[PDB]
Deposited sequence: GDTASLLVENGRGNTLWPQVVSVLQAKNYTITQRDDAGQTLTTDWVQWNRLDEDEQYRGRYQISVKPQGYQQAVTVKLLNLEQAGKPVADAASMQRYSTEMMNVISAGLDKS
């Protein structure tokens, strides 16, 4: 799998918070449209012991209300393993979750 989503119960501006987490991780943001609270990242590397199985992904990240609350969404656009494209369901769901995990950890601090 391919989209992860998370409900955030803040009572507002979750979008600038998510953007700030990504800036703080120094991810390159290749497309960003604040009016639609959506962005696309350049490749993010998932550093791991085994380079011959290091993964990298690109994502579309957004915030949408799901009234009364807001939801953060992470959509895995492309995935590579040691620089070769991959599309296996196990890796796709893991690497969607790994970007969600970055955003969630960032939002707690």
>> As a test: can you identify every run of the deposited sequence that has no C-alpha position in this structure, in order?
In response: 12 to 13, 112
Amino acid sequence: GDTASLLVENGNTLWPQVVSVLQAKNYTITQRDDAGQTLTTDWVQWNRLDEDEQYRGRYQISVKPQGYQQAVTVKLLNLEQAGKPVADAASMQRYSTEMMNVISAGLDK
From here on, numbers count along this sequence of modelled residues.
> Mean C-alpha B-factor higher for 71 to 79, or for 32 to 40?
Replying inline: 71 to 79
> Would 57 to 65 or 42 to 50 have the larger average of its C-alpha temperature factors, as given in the entry?
Replying inline: 42 to 50
> Looking at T97, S91, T13, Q23, which has the highest CA B-factor as recorded?
Replying inline: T13
